[PDB]
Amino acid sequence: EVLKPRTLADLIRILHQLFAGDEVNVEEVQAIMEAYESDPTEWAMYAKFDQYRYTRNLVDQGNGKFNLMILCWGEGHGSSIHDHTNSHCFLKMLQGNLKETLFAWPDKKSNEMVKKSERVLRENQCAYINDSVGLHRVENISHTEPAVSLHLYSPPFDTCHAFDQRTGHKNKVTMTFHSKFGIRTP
């Protein structure tokens, strides 16, 4: 029932077709990303880790329609609470496991932020978020093993906001790439 890519290259090809138009079937993209069976022989060239924080590694620019990247989570690495600046955001597990915590948006007043959902993403699972869904934080569940995830953002974006869990106040953050196309960045 679901088109199953046999390789990461197949998946990218399919994604080029699915984002060529103006409409994006979210459930269709999600099912097809999920159907790809993570194969580290195919993506190890992108899996470039850092000791202290997670890294973002650009895989494909999707003809301007999306960014496809691989995120490498060291032992214990996690993100801040953040938004996704009005884009579609798909995240699929390639190795290990991430805990996703969804947060409600803050309003004007200062307040501890409210959790709306908490889950662990299973092997090969693809999750979806946008700003209407909520904010989230994601974290490697393991302090002894890495996690690796495949992210697709459409349209692409280079800035987002990080949120202080104690108050709801936010800061603009510029996103940076650790590598592009398997090549380390300055």
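We number the residues from 1 along the sequence you see.
**Student:** Which is higher on mean Cα B factor in this entry, 62 to 70 or 144 to 152?
**Tutor:** The deposited B-factors put 62 to 70 ahead on the C-alpha mean.
**Student:** Output the stretch having the higher mean C-alpha B factor in the entry; the candidates are 170 to 178 and 5 to 13.
**Tutor:** In the deposited entry, the stretch with the higher C-alpha B-factor mean is 170 to 178.
**Student:** Whose CA atom has the top B-factor in the entry, of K92, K99, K116, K108?
**Tutor:** Among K92, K99, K116, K108, the highest C-alpha B-factor in the entry belongs to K108.
**Student:** Would you mind ranking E75 by its C-alpha B-factor against the rest of the chain and naming the third, lowest, middle or highest?
**Tutor:** It falls in the bottom third of the chain.
**Student:** Is the Cα B-factor recorded for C126 in the lowest, middle or highest third of its chain?
**Tutor:** Answer is lowest: the recorded C-alpha B-factor places it there.
**Student:** Would you mind checking where the Cα B-factor of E42 ranks among the modelled residues of its chain, as the lowest, middle or highest third?
**Tutor:** Ranked within chain, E42 CA B lands in the middle tercile.
**Student:** Please say which third, lowest, middle or highest, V120 falls into when its CA temperature factor is compared across its chain.
**Tutor:** Ranked within chain, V120 CA B lands in the lowest tercile.
**Student:** Could you place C160 in the lowest, middle or highest third of its chain by Cα temperature factor, using the values in the record?
**Tutor:** Highest third - that is where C160 ends up once the chain's C-alpha B-factors are sorted.
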